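Given next are the chains, with one letter for each unit.
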Protein chains: 2
Amino acid sequence: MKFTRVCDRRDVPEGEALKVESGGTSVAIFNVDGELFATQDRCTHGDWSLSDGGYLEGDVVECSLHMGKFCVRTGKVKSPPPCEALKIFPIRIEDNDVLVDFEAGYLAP
Amino acid sequence: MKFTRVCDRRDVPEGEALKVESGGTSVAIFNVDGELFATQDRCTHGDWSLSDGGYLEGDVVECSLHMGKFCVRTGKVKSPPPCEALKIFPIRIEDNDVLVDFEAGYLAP
Ligand code: FES
Ligand code: FES
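- Its PDB record attributes the structure to X-ray crystallography, giving the resolution as 1.60 Å.

Following this line, the structure appears as structure tokens:
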């Protein structure tokens, strides 16, 4: 229902992440093999940025504070310490523009 | 709504309760004669868990701290001290999977 233009698709190279924020909501955008995926930026186990850490392997991001891991496509936990999945956010690409609905974060089924 | 799997229905036997949570949102799931009902986990009168510190008799849960009571089907108060109804949450059963939408808590009319 409410998409916000956050960056150019070329701002998130394959295998990298980018933090974007709006209204006090922080979202991490990951580029996995040419497609973009959005999740809450903070690890669910602490106030620690998943994008600012720099550890993405394929579609699994690793929190650099305690090594927890999450699937960026679904937000699901792949390794503890975390026990809670990340919220994921609607993300669309229109031309070279990447848009995110910061008010629609949700947990994957 | 965006439903997420929170437990197996067999994890909440008849007459029992189970707490599930995501971020700061805690939900109590109660089994009343085979059907599951979801409410906020905390008593509205204090930081006290209705699933961990509640006694379920039929469809009425009693807060063990001051003996306030709520109907788990509607969240409405059945006995003081509480004066505010519990928020209730949408819950679905798909085979043996139990799903809730943590962002959709509401007050019964
Ligand atoms: S804060 Fe991320 S694993 Fe602990
Ligand atoms: S905290 Fe539940 S009745 Fe007071």
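### Some details on the pairing of strand β9 (residues 91-94) of chain A
Residues and elements named next belong to chain A.
Inference 1: Summarising the sheet, β9 and strand β10 (residues 97-100) pair through four bridges and their orientation is antiparallel. The residue of β10 that forms the bridge with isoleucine 91 is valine 100.
Inference 2: Taking the residues between adjacent antiparallel strands as the criterion, β9 and β10 are bridged by two residues, where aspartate 95 takes a positive phi near 70°.

### Details of the sheet that holds strand β3 (residues 25-32) of chain A
The pairing of strands in a sheet comes from backbone hydrogen bonds and takes either a parallel or an antiparallel form.
Residue and element names in this part refer to chain A.
Inference 1: Pairing within the open sheet is antiparallel, and its three strands lie in the order β2-β3-β4. Each edge of the open sheet carries a strand with a single partner, namely β2 (17-22) and β4 (35-40). Strand after strand, the sheet turns through a mean of 30° between neighbouring axes, direction not considered.
Inference 2: One ladder, built from six bridges, connects β2 with β3; its direction is antiparallel. Residue pairing in the sheet places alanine 17 in a bridge with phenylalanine 30 of β3.

So, how was this worked out
Residues numbered from 1 in each chain as written, not as in the entry; some residues may be left out. Chains lettered and ligands numbered in written order. Heavy atoms only, no water. Pairing = 2+ DSSP bridges. Helix = DSSP H or I, 4+ residues; strand = E, 2+ residues; numbered from the N terminus. Axes fitted to C-alpha atoms, helices over the stretch in contact; angles between N-to-C directions.

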